[PDB]
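Here's a solo chain for you in structure tokens, the form deposited in one PDB entry.
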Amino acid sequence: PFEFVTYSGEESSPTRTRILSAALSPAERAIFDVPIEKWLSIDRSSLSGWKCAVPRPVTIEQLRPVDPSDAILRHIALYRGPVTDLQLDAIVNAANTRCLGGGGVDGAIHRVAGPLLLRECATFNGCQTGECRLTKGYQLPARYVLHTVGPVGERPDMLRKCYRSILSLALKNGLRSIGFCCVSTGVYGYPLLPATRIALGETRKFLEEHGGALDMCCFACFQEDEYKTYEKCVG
């Protein structure tokens, strides 16, 4: 009934051309051609080209909410592991401005999802800082990927704007569960604790104003320092 909103903002190309010129099998081409709106509910195993690349996905049912009693914290969990394990409606990819893969979480999301993720990214012209692109998740257990570009260094309005762009696209398109990674921390140099407070603060904001639209915001903390910082902040 609705066309998805796939970019939160308003609108090198040789590389994009080369990525898009690569041959596809007929089975891969059929996956790539599924309309973005249908991917959420399609039976992915009905497509002969598809498989899930994560042997034991983590489902909503397996996540421990921070506090079941609380109207907000029943919808938040922490996960000790990579965001790519999470079988949710979307996971967040901490991309760069080119939005064509890279190192760290960007690179691992591309490896698990398979080469169609890169190909879909090559159909649009990058992602501005503060904004979010939506793509299918291909071989990930999660249905979609929310590609966001965080700021370099400690720019709080810009980082807030990432979390807003992500949560706003999720609400508009009916994505009810989101797996977050730690945007702008590590090599982009946003200090970990202040970044974490922005992430949790914006998420709380959304959960207060839009209770019946979001079932679960999961914060995947692959590293120990990330996990302990989030753990201390939430309870």
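A residue's number is simply how far along the shown sequence it sits, counting from 1.
The discussion below concerns the form deposited with a small molecule bound, not included here.
Using a 4.5 Å heavy atom cutoff, none of 24, 28 and 117 lies near the small molecule in the deposited complex. In short, of 137 to 145, 67 to 75, 100 to 108, 123 to 131 it is 100 to 108 that has heavy atoms within 4.5 Å of the small molecule in the deposited complex.
Proximity of residue 49 to the small molecule in the deposited complex: non-hydrogen atoms within 4.5 Å are absent; the residue sits far from the partner. For the chain shown alone, residue 113 is not a contact residue for the small molecule in the deposited complex, no non-hydrogen atom being within 4.5 angstroms. At a distance threshold of 4.5 angstroms between non-hydrogen atoms, residue 15 is out of contact with the small molecule in the deposited complex. Contact check for residue 170: every heavy atom lies farther than 4.5 Å from the small molecule in the deposited complex. Between the options 196, 203, 177, 185, the residue in contact with the small molecule in the deposited complex by a heavy atom within 4.5 angstroms is 185.
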